[PDB]
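Values below: every heavy atom of this structure, side chains too, minus hydrogens, waters and symmetry copies. This chain uses plain numbering: 1 for the first residue, then up along the sequence.
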Amino acid sequence: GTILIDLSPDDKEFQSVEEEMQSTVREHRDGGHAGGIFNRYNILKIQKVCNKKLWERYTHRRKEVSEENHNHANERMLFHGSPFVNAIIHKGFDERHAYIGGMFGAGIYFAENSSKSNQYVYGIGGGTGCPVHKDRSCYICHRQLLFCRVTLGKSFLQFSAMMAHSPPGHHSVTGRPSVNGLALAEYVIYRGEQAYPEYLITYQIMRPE
Ligand SMILES: COc1ccc(-c2cc3c(N)cccc3c(=O)[nH]2)cc1
Ligand SMILES: [Zn+2]
């Protein structure tokens with residue numbers, strides 16, 4: 001039931017999604033090992049992901065969370081990178097898309113930094129890199145990220161040196177950076193219904209000059 005609608009580069013929606021992608025790139029403590037060496041992206045395409053059933057699954061859960069949190073869904077727009085992006089857009093997020101080994105337990109992880117999610121496009125730690133060249137810093141191969149609508153509800157704050165259940169009385173976990181002053185927050189949900197994959201972004205990382 002999923003259809004993908006291309007956005008024009010002239011459309012304000014394309015431009016605002018591109019700006020979030022580009023402006024949330026940072027340097028990583030791995031020197032580029034997982035995601036590659038780059039300061040910016042070449043955006044090739046942005047598509048709106050449209051699936052009625054999956055949207056209604058998201059909004060149903062959003063109202064449940066809202067009603068448990070003084071009518072406040074605490075909804076964010078966050079990046080997700082995964083080898084399973086094609087399954088996600090067709091079937092929705094579920095337990096199969098969890099990062100079993102993540103620092104906040106087996107859940108589905110989202111980033112404010114697009115460059116954090118980029119580290120996961122080819123697997124955990126960047127896997128072995130792109131399938132064609134086996135290069136984690138490949139500047140040729142096309143990559144894909146999701147920019148997703150995520151319900152956080154009441155989020156458990158984990159101060160952090162950088163499927164399970166949410167902590168009792170909470171709907172998500174927030175990983176607050178406590179060492180790297182430039183890192184933005186990461187978030188974990190434990191129910192696939194608490195995210196909708198709204199934009200599919202196709203891109204290349206760009207080699208710095
Ligand atoms: C291969 O299964 C996985 C898919 C996505 C990720 C992933 C992890 C992650 C993280 N730990 C922090 C912030 C964002 C992400 C993310 O986008 N994907 C991890 C495993
Ligand atoms: Zn490649």
Side-chain angles (χ1 to χ4, degrees), residues 1-4 34-35 47-69 72-129 131 136 143-158 160 162-176 184-202:
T2 296
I3 73 167
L4 302 179
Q47 293 162 297
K48 192 165 223 234
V49 175
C50 312
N51 185 308
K52 176 173 206 291
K53 183 187 83 189
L54 291 182
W55 177 249
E56 280 174 6
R57 173 173 301 162
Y58 175 75
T59 62
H60 185 265
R61 173 60 180 161
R62 183 175 66 183
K63 183 157 178 288
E64 290 179 344
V65 169
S66 189
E67 284 173 11
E68 297 176 349
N69 194 51
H72 179 48
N74 195 26
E75 179 174 88
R76 305 300 176 79
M77 293 299 298
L78 301 170
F79 298 99
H80 186 79
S82 171
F84 312 130
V85 166
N86 202 252
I88 290 157
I89 65 170
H90 285 106
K91 282 187 127 54
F93 287 103
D94 66 42
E95 52 280 359
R96 264 151 224 282
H97 306 125
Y99 179 13
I100 301 302
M103 282 220 301
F104 316 108
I108 310 176
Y109 282 61
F110 295 87
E112 290 179 2
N113 289 118
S114 66
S115 59
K116 174 55 67 174
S117 293
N118 175 68
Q119 298 183 307
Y120 291 88
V121 166
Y122 296 131
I124 300 154
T128 51
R136 288 179 292 269
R143 301 178 184 218
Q144 293 185 313
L145 273 188
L146 300 169
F147 188 48
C148 303
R149 187 175 300 268
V150 183
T151 286
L152 295 176
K154 181 168 164 51
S155 197
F156 183 92
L157 191 58
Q158 182 67 255
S160 37
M162 63 195 204
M163 192 141 52
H165 292 108
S166 265
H170 297 79
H171 301 104
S172 66
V173 171
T174 297
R176 184 177 176 293
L184 302 177
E186 309 169 13
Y187 300 91
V188 188
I189 61 177
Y190 301 87
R191 296 198 51 187
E193 307 98 321
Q194 268 170 242
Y196 182 83
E198 204 156 308
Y199 299 93
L200 179 63
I201 299 166
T202 305

Applying ring-ring contact (aromatic ring centres under 6.0 Å, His included) to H97 and not counting sequence neighbours gives none
Is the backbone of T59 close enough, under 3.5 Å, to the side chain of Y196 for a donor and an acceptor to pair up by distance? no
Across all chains, not counting sequence neighbours, the ring-ring contact (aromatic ring centres under 6.0 Å, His included) partners of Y120 are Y99
Sub-3.5 Å donor-acceptor pair from the side chain of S155 to the main-chain atoms of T174, do we have one? yes
The salt bridge (charged side-chain N to carboxylate O under 4.0 Å, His left out) partners of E193 (sequence neighbours excluded) come to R191
By salt bridge (charged side-chain N to carboxylate O under 4.0 Å, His left out), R61 pairs with (sequence neighbours left out) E64
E68-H171 side chain donor-acceptor pair, cut-off 3.5 Å
yes
Those residues at least two apart in sequence (or on a different chain) that pass salt bridge (charged side-chain N to carboxylate O under 4.0 Å, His left out) with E67 are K63
Angle between ring planes, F110 versus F93, binned at 30° and 60°: parallel, tilted or perpendicular? perpendicular
Are the side chains of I108 and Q194 in contact, using a 4.5 Å heavy-atom criterion? no
Sorted by chain and number, sequence neighbours left out, ring-ring contact (aromatic ring centres under 6.0 Å, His included) with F156 holds for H170
Across all chains, not counting sequence neighbours, the side-chain hydrogen bond (donor to acceptor under 3.5 Å, both in side chains) partners of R76 are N74, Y187
Taken in chain and number order and not counting sequence neighbours, the residues that satisfy salt bridge (charged side-chain N to carboxylate O under 4.0 Å, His left out) with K53 are none
For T151, the side-chain hydrogen bond (donor to acceptor under 3.5 Å, both in side chains) test, sequence neighbours excluded, returns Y58
Residues pairing under side-chain hydrogen bond (donor to acceptor under 3.5 Å, both in side chains) where one sits in residues 77-94, two or more places apart or in two chains, turn out to be none
Checklist line | Residue pair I189 / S172, side-chain heavy-atom distance below 4.5 Å | finding: yes
Residues passing the side-chain hydrogen bond (donor to acceptor under 3.5 Å, both in side chains) test with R57, sequence neighbours excluded, are none
Those residues at least two apart in sequence (or on a different chain) that pass side-chain hydrogen bond (donor to acceptor under 3.5 Å, both in side chains) with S115 are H28
Exactly one candidate in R176, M162, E112 meets side-chain contact (heavy atoms from CB on, under 4.5 Å) with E186; the answer is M162
